[PDB]
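Report on one structure; see the data block that follows.
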Amino acid sequence: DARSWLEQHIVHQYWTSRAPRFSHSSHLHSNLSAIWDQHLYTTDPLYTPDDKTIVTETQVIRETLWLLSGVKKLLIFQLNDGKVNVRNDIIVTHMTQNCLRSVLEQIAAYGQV
Amino acid sequence: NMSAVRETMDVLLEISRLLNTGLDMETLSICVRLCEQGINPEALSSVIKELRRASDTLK
Amino acid sequence: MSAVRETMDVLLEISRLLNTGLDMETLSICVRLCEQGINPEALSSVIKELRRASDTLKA
Amino acid sequence: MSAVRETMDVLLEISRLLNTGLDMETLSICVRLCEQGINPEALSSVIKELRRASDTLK
Amino acid sequence: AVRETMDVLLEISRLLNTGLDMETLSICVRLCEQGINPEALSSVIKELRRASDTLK
Amino acid sequence: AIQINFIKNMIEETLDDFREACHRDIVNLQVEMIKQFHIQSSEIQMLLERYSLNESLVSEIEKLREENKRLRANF
Amino acid sequence: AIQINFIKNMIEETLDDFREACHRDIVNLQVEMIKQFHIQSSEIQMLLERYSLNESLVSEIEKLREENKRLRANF
Amino acid sequence: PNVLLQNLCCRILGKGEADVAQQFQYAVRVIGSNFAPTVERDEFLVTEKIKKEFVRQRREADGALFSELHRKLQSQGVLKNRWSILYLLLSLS
Amino acid sequence: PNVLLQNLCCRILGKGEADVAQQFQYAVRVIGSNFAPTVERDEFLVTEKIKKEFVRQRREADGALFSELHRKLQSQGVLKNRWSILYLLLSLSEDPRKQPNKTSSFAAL
Amino acid sequence: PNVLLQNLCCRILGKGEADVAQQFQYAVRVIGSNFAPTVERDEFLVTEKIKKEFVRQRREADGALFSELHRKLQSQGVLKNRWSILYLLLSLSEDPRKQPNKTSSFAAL
Amino acid sequence: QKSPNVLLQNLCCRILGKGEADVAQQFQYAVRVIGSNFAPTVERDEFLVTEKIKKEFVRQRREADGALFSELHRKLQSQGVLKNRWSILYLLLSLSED
């Protein structure tokens, strides 16, 4: 079946949730986002657990590498020409969402130009 | 962090008393957390209202 | 079959502007369903229920 | 005993005005139910459904 | 009463381009006079009509 | 006449939004009807299988049949 | 232009009183509908358990069959 | 309340406090849920509704009497909550 | 009441007397509910709705036939439930510039 | 219809070819309850609802575009099934402001 | 901790006035209600909801209460620890009484 062959040999989807998503690794240092997010869910009784698009290591970085010399991408919530800014739900497996954004905004500006 | 939850609880608590309600703060604090866990405003309203209907009948 | 290809390019413009959120393959199923005859109320009602269901199952 | 009968009697005249032939007995019961706390809206549905069933059945 | 009333109903239904036979209208008058709710009665026809279309 | 037709046409704009909100509400309502009947049907199907007969008993009628037959296929 | 906005708003206010009333009736209906389902389902389930008869009862019927047999020829 | 509901059923169907069980049970259910309101505790609003209905049907005279009768009941100072009983007779109108 | 609904069910669906079971049973259920219908004893509003319907549908004349035939009915002194017949007739109207859904093979679902 | 309704159940969930059984049987039941609609056909009336909706969500430009697209649509091929198609897209129409709460935290209830 | 179900159990328990298992049946009921499909009525404007609440105060002659609430709205927004304010404002709207 063409669909089951396509699901295996191409990276699981991140613009759609129809094919779930790599979100494991076996060290205890690479599950950091889940613990940090947990710590907050235990610590603040008012916490919104942000909904987040799972990556799937080094595929957000090739799409920043696309941007940097080519066309716009829709996993980046950019607006107009002078504002190229970062989508508000992208995370990498082993970094805090706040921490990760902080870098995506550096290289956002170097693709802004 | 302890101050932040408390200041938030307080601004809401002034407003609640003004629109009148038999509810204590502690149940109102849960509601914020239920909204924050998502959940459509009609589902949230119905269950709250229903609990109140059940309390009044019971006592 | 030539015909079948042209209609879908214009149709995909409306659906993406209007916010509907159906990929190509699924948009073809509904057009089949509407041609074989379906109540319009049922078709919208299922699509909305399957979508709500799918997001919860996943998460 | 007087007092309830006096409420029911006024109610009886009003029922004739609205062109409804509720019984004097049915009225006395209704005053007692609503006085203990019965929402009126459910109660009117009850009276209606039973009056209709009796009519069909005959 | 029945025949004359049927003749008038039949002509109205034909103006409406509404597929109804002679048989429906006569049965309809008889129910209406012994008492049938017009909402109930109507719903029965609408539904019966939809089923012959699904089957056919 | 002029103002009457202005007020009329605006009231219609508003009533269209309201009609459609109600229309949608019946669609949602129909979903709720059927989804609750579907849960229940599922509970009943399972319960009537359990309490209406002993699953225990049927699986032991097959066992004695399998044992008895095999004994006899050595005579 | 100004009188027009006033009348319009006034009609909007009456359409709010009614509109909010129409929504509330639906909401009541919904909450009741769900209620009738959970009540009816809990009664159906307890009731079905009474008349279908549990496994315990089934076993005692077999026990009685075993008593008649013993009484009649093993005493 | 239970016994009052039993008498109400008995009086409408033909007297008998037994074998009216099915219809009773149904009533109980009906009582046990809540039915949508228009008004809630405004005995005054209901008095207007009564009047309003008598003008719409061309039974104005009936409305003229009602008003007097309504003052007499007010004068006796009986308590049962007026709103609830008056709205119930209007609802079966 | 049943005897009559059954006859409506059987003639219109066509003879099967086992394919007409479903519609028959429904028909009993709707009539077995008890309610005071709304839009009853108001033949006047119902006549005005049909006359308008002929206007929308671009047949002026059909309204004029309807007024005449209607009056003819009043004069004979037939019907004790004029409104009801009128209400049924109106419900079932179709306008020949919209098309009702057909589907067949619906059964395989 | 069965192969088509089914394939919809597999695609929407994006996974499962018999793990979508529950959803299929459910879709079949729903479709098996007979809805009646508020207005059947007329191209102009459904098109208008979509235009008013456009204005209402502040996507005025797009609303302007949709009219070009509508006319275009007829010329690539004439539809007999348009009202129903145009409706389906209507009921799935959304506003560009706000989110629908969380529905990825709602599963845990 | 703060999962939807746990948060609901806390509600039932304290309001009915009894222990965890004595409110077990109303807890089952409650879950059925939440899990009913409800479609958002708010997909637009924090403002429009704030306006309805202000309308409620005026409607009951509680004008002073609307004057204070308006100022209080501005504060509620400003601390902004709530990201689903709108929902809360709707809940409070339905709980509006004299």
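Going by the structure tokens order, chains are called A, B, ..., each with residues numbered from 1, while ligands are numbered from 1 in the order shown.
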With chain I fixed, least-squares superpose chain J over all its C-alpha atoms paired in order and give the RMSD in Å.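 Least-squares fit of chain J onto chain I, C-alpha RMSD 2.1 Å.
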Which residues come within 7 Å of segment 38-50 of chain E, counting only C-alpha atoms, excluding same-chain residues fewer than 3 positions away, as an MDAnalysis selection string? (chainID E and resid 53:54) or (chainID I and resid 9 23 27 30:31 37 84 87:88 91:92)
With 12 Å as the limit and counting only C-alpha atoms, what residues in chain K lie close to chain A? Please list them as a list in words.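 Result, ordered by chain then number: residues 1, 2, 3, 7, 80, 81, 82, 83 and 84 of chain K.
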Keeping only N, CA, C and O atoms, write those residues as an mmCIF file, in the first residue's frame.
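The resulting part-v6.cif:
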```cif
data_model
loop_
_atom_site.group_PDB
_atom_site.id
_atom_site.type_symbol
_atom_site.label_atom_id
_atom_site.label_comp_id
_atom_site.auth_asym_id
_atom_site.auth_seq_id
_atom_site.Cartn_x
_atom_site.Cartn_y
_atom_site.Cartn_z
ATOM 1 N N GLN K 1 -3.231 16.081 41.095
ATOM 2 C CA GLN K 1 -2.364 17.277 40.900
ATOM 3 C C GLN K 1 -3.210 18.338 40.283
ATOM 4 O O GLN K 1 -3.729 19.155 41.068
ATOM 5 N N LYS K 2 -3.406 18.412 38.950
ATOM 6 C CA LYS K 2 -4.260 19.462 38.410
ATOM 7 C C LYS K 2 -4.915 19.009 37.129
ATOM 8 O O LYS K 2 -5.326 19.839 36.334
ATOM 9 N N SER K 3 -4.993 17.697 36.972
ATOM 10 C CA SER K 3 -5.671 17.044 35.811
ATOM 11 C C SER K 3 -7.129 17.340 35.882
ATOM 12 O O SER K 3 -7.631 17.348 36.997
ATOM 13 N N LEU K 7 -9.361 17.797 39.554
ATOM 14 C CA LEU K 7 -9.927 19.128 39.799
ATOM 15 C C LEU K 7 -11.438 19.080 39.959
ATOM 16 O O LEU K 7 -11.999 19.730 40.829
ATOM 17 N N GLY K 80 -2.228 39.389 33.707
ATOM 18 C CA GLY K 80 -2.274 38.480 32.536
ATOM 19 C C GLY K 80 -1.736 37.095 32.765
ATOM 20 O O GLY K 80 -1.065 36.519 31.877
ATOM 21 N N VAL K 81 -1.977 36.484 33.964
ATOM 22 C CA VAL K 81 -1.435 35.090 34.266
ATOM 23 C C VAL K 81 -2.406 33.978 33.738
ATOM 24 O O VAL K 81 -2.062 32.775 33.718
ATOM 25 N N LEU K 82 -3.549 34.470 33.256
ATOM 26 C CA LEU K 82 -4.690 33.799 32.798
ATOM 27 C C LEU K 82 -4.532 33.961 31.322
ATOM 28 O O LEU K 82 -4.264 35.073 30.741
ATOM 29 N N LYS K 83 -4.688 32.845 30.578
ATOM 30 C CA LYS K 83 -4.528 32.921 29.114
ATOM 31 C C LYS K 83 -5.848 32.513 28.510
ATOM 32 O O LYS K 83 -5.974 32.348 27.287
ATOM 33 N N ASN K 84 -6.910 32.353 29.344
ATOM 34 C CA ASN K 84 -8.175 31.873 28.885
ATOM 35 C C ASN K 84 -9.189 32.748 29.694
ATOM 36 O O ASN K 84 -10.176 32.218 30.257
#
```
Grab the Cα RMSD for chain G fitted onto chain F, all atoms paired in sequence order, one decimal please.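 My reading of the C-alpha RMSD is 5.7 Å.
Nearest to chain A of all the residues B:11, B:58, B:34, B:25 is B:34, counting only C-alpha atoms.
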Write out as a ChimeraX atom specification which residues come within 8 Å of segment 4-7 of chain J when counting only C-alpha atoms, dropping same-chain ones fewer than 4 positions away. /C:29,32-33 /J:11,24,27
Filtering to N, CA and C atoms, could you give me those residues as a PDB file, in the first residue's frame?
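Written output follows (result.pdb):
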```pdb
ATOM      1  N   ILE C  29     -13.223  12.525  -1.331  1.00  0.00           N
ATOM      2  CA  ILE C  29     -14.323  11.692  -0.748  1.00  0.00           C
ATOM      3  C   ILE C  29     -15.645  12.328  -0.560  1.00  0.00           C
ATOM      4  N   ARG C  32     -17.409  12.738  -3.985  1.00  0.00           N
ATOM      5  CA  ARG C  32     -18.071  11.474  -4.279  1.00  0.00           C
ATOM      6  C   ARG C  32     -19.385  11.195  -3.623  1.00  0.00           C
ATOM      7  N   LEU C  33     -19.402  11.477  -2.263  1.00  0.00           N
ATOM      8  CA  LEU C  33     -20.547  11.358  -1.340  1.00  0.00           C
ATOM      9  C   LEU C  33     -21.723  12.226  -1.693  1.00  0.00           C
TER      10      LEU C  33
ATOM     11  N   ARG J  11      -8.871   8.028   6.685  1.00  0.00           N
ATOM     12  CA  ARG J  11      -8.022   9.233   6.436  1.00  0.00           C
ATOM     13  C   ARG J  11      -8.067  10.265   7.564  1.00  0.00           C
ATOM     14  N   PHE J  24     -16.744   4.332  11.994  1.00  0.00           N
ATOM     15  CA  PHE J  24     -17.543   3.907  10.893  1.00  0.00           C
ATOM     16  C   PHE J  24     -18.936   3.526  11.199  1.00  0.00           C
ATOM     17  N   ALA J  27     -20.640   6.633  12.113  1.00  0.00           N
ATOM     18  CA  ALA J  27     -20.984   7.461  10.943  1.00  0.00           C
ATOM     19  C   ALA J  27     -22.175   6.944  10.257  1.00  0.00           C
TER      20      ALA J  27
END
```
Interface, chain B side, toward chain A (8 Å; only C-alpha atoms) as a VMD selection string: chain B and resid 1 5 32 to 33 36 to 37
Hey, can you spit out that residue selection with N, CA, C and O atoms as a PDB file, in the first residue's frame?
```
ATOM      1  N   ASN B   1       6.495  33.386  42.751  1.00  0.00           N
ATOM      2  CA  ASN B   1       5.498  32.532  42.049  1.00  0.00           C
ATOM      3  C   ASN B   1       4.356  32.540  43.022  1.00  0.00           C
ATOM      4  O   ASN B   1       3.205  32.635  42.695  1.00  0.00           O
ATOM      5  N   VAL B   5       0.294  33.888  42.111  1.00  0.00           N
ATOM      6  CA  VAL B   5      -0.995  33.129  42.171  1.00  0.00           C
ATOM      7  C   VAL B   5      -1.990  33.773  43.018  1.00  0.00           C
ATOM      8  O   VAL B   5      -3.182  33.838  42.684  1.00  0.00           O
ATOM      9  N   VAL B  32     -10.412  28.217  37.348  1.00  0.00           N
ATOM     10  CA  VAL B  32      -9.384  28.872  36.560  1.00  0.00           C
ATOM     11  C   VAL B  32      -8.462  27.856  35.990  1.00  0.00           C
ATOM     12  O   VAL B  32      -8.178  27.931  34.783  1.00  0.00           O
ATOM     13  N   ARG B  33      -8.073  26.910  36.846  1.00  0.00           N
ATOM     14  CA  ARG B  33      -7.314  25.773  36.454  1.00  0.00           C
ATOM     15  C   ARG B  33      -8.003  24.863  35.413  1.00  0.00           C
ATOM     16  O   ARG B  33      -7.326  24.412  34.531  1.00  0.00           O
ATOM     17  N   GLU B  36      -7.861  26.755  32.136  1.00  0.00           N
ATOM     18  CA  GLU B  36      -6.466  26.684  31.783  1.00  0.00           C
ATOM     19  C   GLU B  36      -5.999  25.326  31.181  1.00  0.00           C
ATOM     20  O   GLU B  36      -5.095  25.317  30.317  1.00  0.00           O
ATOM     21  N   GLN B  37      -6.731  24.239  31.606  1.00  0.00           N
ATOM     22  CA  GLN B  37      -6.688  22.902  31.060  1.00  0.00           C
ATOM     23  C   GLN B  37      -7.545  22.775  29.795  1.00  0.00           C
ATOM     24  O   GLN B  37      -7.666  21.708  29.191  1.00  0.00           O
TER      25      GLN B  37
END
```
Show me, as a PyMOL selection string, every residue of chain G with an atom at most 6 Å from chain F, counting only C-alpha atoms. chain G and resi 52-54
Keeping only C-alpha atoms, write those residues as a compact mmCIF listing (two decimals), in the first residue's frame.
```txt
# COMPACT_ATOMS: atom_id res chain seq x y z
CA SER G 52 -30.87 -11.98 33.68
CA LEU G 53 -29.57 -13.72 36.85
CA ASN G 54 -26.00 -13.96 37.94
```
Kindly provide the residues of chain J that approach chain F to within 10 Å, each paired with its closest atom pair and their distance in Å to one decimal, based on only C-alpha atoms, listed by chain and increasing number, as JSON lines.
```
{"residue": "J:22", "atom": "CA", "partner": "F:38", "partner_atom": "CA", "distance": 9.7}
{"residue": "J:25", "atom": "CA", "partner": "F:38", "partner_atom": "CA", "distance": 9.7}
{"residue": "J:26", "atom": "CA", "partner": "F:38", "partner_atom": "CA", "distance": 7.6}
{"residue": "J:29", "atom": "CA", "partner": "F:34", "partner_atom": "CA", "distance": 8.0}
{"residue": "J:30", "atom": "CA", "partner": "F:34", "partner_atom": "CA", "distance": 7.2}
{"residue": "J:33", "atom": "CA", "partner": "F:34", "partner_atom": "CA", "distance": 8.9}
{"residue": "J:35", "atom": "CA", "partner": "F:27", "partner_atom": "CA", "distance": 9.0}
{"residue": "J:37", "atom": "CA", "partner": "F:23", "partner_atom": "CA", "distance": 9.2}
{"residue": "J:38", "atom": "CA", "partner": "F:23", "partner_atom": "CA", "distance": 7.9}
{"residue": "J:49", "atom": "CA", "partner": "F:16", "partner_atom": "CA", "distance": 8.7}
{"residue": "J:52", "atom": "CA", "partner": "F:13", "partner_atom": "CA", "distance": 8.8}
{"residue": "J:53", "atom": "CA", "partner": "F:17", "partner_atom": "CA", "distance": 9.0}
{"residue": "J:56", "atom": "CA", "partner": "F:17", "partner_atom": "CA", "distance": 9.9}
{"residue": "J:91", "atom": "CA", "partner": "F:24", "partner_atom": "CA", "distance": 8.2}
```
Could you take the residues named above and write them with N, CA, C and O atoms, as an mmCIF file, in the first residue's frame?
```cif
data_model
loop_
_atom_site.group_PDB
_atom_site.id
_atom_site.type_symbol
_atom_site.label_atom_id
_atom_site.label_comp_id
_atom_site.auth_asym_id
_atom_site.auth_seq_id
_atom_site.Cartn_x
_atom_site.Cartn_y
_atom_site.Cartn_z
ATOM 1 N N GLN J 22 -15.322 1.775 15.005
ATOM 2 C CA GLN J 22 -16.124 2.420 15.982
ATOM 3 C C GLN J 22 -16.645 3.686 15.339
ATOM 4 O O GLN J 22 -17.783 4.037 15.462
ATOM 5 N N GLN J 25 -19.110 2.669 12.197
ATOM 6 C CA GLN J 25 -20.389 2.227 12.564
ATOM 7 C C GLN J 25 -21.245 3.400 13.036
ATOM 8 O O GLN J 25 -22.439 3.519 12.705
ATOM 9 N N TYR J 26 -20.595 4.329 13.842
ATOM 10 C CA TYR J 26 -21.077 5.550 14.298
ATOM 11 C C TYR J 26 -21.510 6.471 13.172
ATOM 12 O O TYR J 26 -22.684 6.963 13.182
ATOM 13 N N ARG J 29 -24.684 5.012 11.578
ATOM 14 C CA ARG J 29 -25.839 5.317 12.451
ATOM 15 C C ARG J 29 -26.368 6.719 12.278
ATOM 16 O O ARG J 29 -27.577 6.981 12.173
ATOM 17 N N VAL J 30 -25.439 7.707 12.214
ATOM 18 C CA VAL J 30 -25.741 9.111 12.108
ATOM 19 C C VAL J 30 -26.413 9.513 10.891
ATOM 20 O O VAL J 30 -27.304 10.313 10.962
ATOM 21 N N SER J 33 -29.943 8.132 10.789
ATOM 22 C CA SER J 33 -30.933 9.087 11.291
ATOM 23 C C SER J 33 -31.149 10.118 10.218
ATOM 24 O O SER J 33 -30.180 10.642 9.695
ATOM 25 N N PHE J 35 -32.008 13.488 8.780
ATOM 26 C CA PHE J 35 -32.009 14.918 8.910
ATOM 27 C C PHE J 35 -32.821 15.444 7.771
ATOM 28 O O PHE J 35 -32.799 14.871 6.679
ATOM 29 N N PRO J 37 -33.183 19.457 5.960
ATOM 30 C CA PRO J 37 -32.473 20.690 5.989
ATOM 31 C C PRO J 37 -33.377 21.867 5.915
ATOM 32 O O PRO J 37 -34.487 21.746 5.368
ATOM 33 N N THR J 38 -32.767 23.052 6.332
ATOM 34 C CA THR J 38 -33.320 24.390 6.230
ATOM 35 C C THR J 38 -32.774 24.995 4.957
ATOM 36 O O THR J 38 -31.672 25.377 4.738
ATOM 37 N N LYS J 49 -24.495 33.462 1.890
ATOM 38 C CA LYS J 49 -24.142 33.136 3.262
ATOM 39 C C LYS J 49 -22.682 33.189 3.455
ATOM 40 O O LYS J 49 -22.248 33.848 4.386
ATOM 41 N N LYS J 52 -21.450 37.159 3.219
ATOM 42 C CA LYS J 52 -21.760 37.778 4.519
ATOM 43 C C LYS J 52 -20.787 37.288 5.591
ATOM 44 O O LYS J 52 -20.374 38.143 6.378
ATOM 45 N N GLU J 53 -20.452 35.974 5.678
ATOM 46 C CA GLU J 53 -19.565 35.351 6.587
ATOM 47 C C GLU J 53 -18.181 35.865 6.425
ATOM 48 O O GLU J 53 -17.477 36.102 7.396
ATOM 49 N N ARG J 56 -18.037 39.317 7.857
ATOM 50 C CA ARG J 56 -18.114 39.196 9.301
ATOM 51 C C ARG J 56 -16.832 38.798 9.964
ATOM 52 O O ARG J 56 -16.526 39.185 11.085
ATOM 53 N N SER J 91 -20.021 25.037 6.997
ATOM 54 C CA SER J 91 -20.199 24.552 8.405
ATOM 55 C C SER J 91 -18.813 24.423 8.966
ATOM 56 O O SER J 91 -18.650 24.441 10.160
#
```
Which residues of chain J are close to chain I, meaning at most 8 Å apart when you count only C-alpha atoms, and how do they look as a list in words?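 Using only C-alpha atoms, chain J residues at most 8 Å from chain I: residues 1, 2, 28, 40, 41 and 42 of chain J.
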Produce a file of the selected residues containing N, CA, C and O atoms, as an mmCIF file, in the first residue's frame.
```
data_model
loop_
_atom_site.group_PDB
_atom_site.id
_atom_site.type_symbol
_atom_site.label_atom_id
_atom_site.label_comp_id
_atom_site.auth_asym_id
_atom_site.auth_seq_id
_atom_site.Cartn_x
_atom_site.Cartn_y
_atom_site.Cartn_z
ATOM 1 N N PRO J 1 -21.517 3.210 -1.403
ATOM 2 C CA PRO J 1 -21.213 4.218 -0.362
ATOM 3 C C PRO J 1 -20.308 3.696 0.688
ATOM 4 O O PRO J 1 -19.666 4.530 1.253
ATOM 5 N N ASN J 2 -20.343 2.413 1.008
ATOM 6 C CA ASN J 2 -19.564 1.836 2.074
ATOM 7 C C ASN J 2 -18.070 2.016 1.884
ATOM 8 O O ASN J 2 -17.480 2.476 2.875
ATOM 9 N N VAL J 28 -22.278 5.659 10.047
ATOM 10 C CA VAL J 28 -23.371 4.907 9.469
ATOM 11 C C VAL J 28 -24.685 5.084 10.196
ATOM 12 O O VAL J 28 -25.642 5.445 9.551
ATOM 13 N N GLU J 40 -33.205 23.742 0.652
ATOM 14 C CA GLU J 40 -32.587 22.739 -0.169
ATOM 15 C C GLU J 40 -32.489 23.506 -1.528
ATOM 16 O O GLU J 40 -33.504 24.019 -1.976
ATOM 17 N N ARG J 41 -31.284 23.585 -2.109
ATOM 18 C CA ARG J 41 -30.852 24.223 -3.378
ATOM 19 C C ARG J 41 -31.029 25.738 -3.396
ATOM 20 O O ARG J 41 -31.282 26.295 -2.328
ATOM 21 N N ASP J 42 -30.718 26.279 -4.568
ATOM 22 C CA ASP J 42 -30.570 27.684 -4.926
ATOM 23 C C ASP J 42 -29.153 28.076 -4.637
ATOM 24 O O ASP J 42 -28.690 28.124 -3.491
#
```
Find the residues near residue 9 of chain C: any atom within 12 Å, counting only C-alpha atoms, skip ones fewer than 4 places away on the same chain, and give them as a ChimeraX atom specification. /C:3-5,13-16,24,27-28 /J:69,72-73,76
Once you count only C-alpha atoms, which residues of chain K turn out to be within 12 Å of chain J? Could you give them as a PyMOL selection string? chain K and resi 2-9+27-28+30-46+83-88
Find the residues near residue 76 of chain H: any atom within 12 Å, counting only C-alpha atoms, skip ones fewer than 2 places away on the same chain, and give them as an MDAnalysis selection string. (chainID D and resid 3:4 6:7 10) or (chainID H and resid 69:74 78:79)
Residues within 10 Å of residue 6 of chain C, only C-alpha atoms, excluding chain neighbours under 4 positions, as a PyMOL selection string: (chain C and resi 1-2+10-11) or (chain J and resi 73+75-77)
Near residue 31 of chain B, within 8 Å and counting only C-alpha atoms, which residues show up once chain neighbours fewer than 4 positions away are dropped, as a ChimeraX atom specification? /B:27,35,44 /K:88
Generate the output file for the selected residues, N, CA, C and O atoms, as a compact mmCIF listing (two decimals), in the first residue's frame.
```txt
# COMPACT_ATOMS: atom_id res chain seq x y z
N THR B 27 -13.12 26.81 45.22
CA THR B 27 -13.81 26.28 44.01
C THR B 27 -13.60 27.15 42.81
O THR B 27 -13.40 26.53 41.78
N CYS B 35 -10.37 25.97 33.10
CA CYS B 35 -10.27 26.81 31.89
C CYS B 35 -8.89 26.71 31.25
O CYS B 35 -8.75 26.70 30.08
N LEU B 44 -18.01 24.05 30.85
CA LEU B 44 -17.53 24.50 32.11
C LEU B 44 -18.75 25.10 32.87
O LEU B 44 -18.93 24.86 34.09
N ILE K 88 -13.61 32.37 31.53
CA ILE K 88 -13.82 32.76 32.88
C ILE K 88 -14.81 33.83 32.97
O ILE K 88 -15.71 33.75 33.80
```
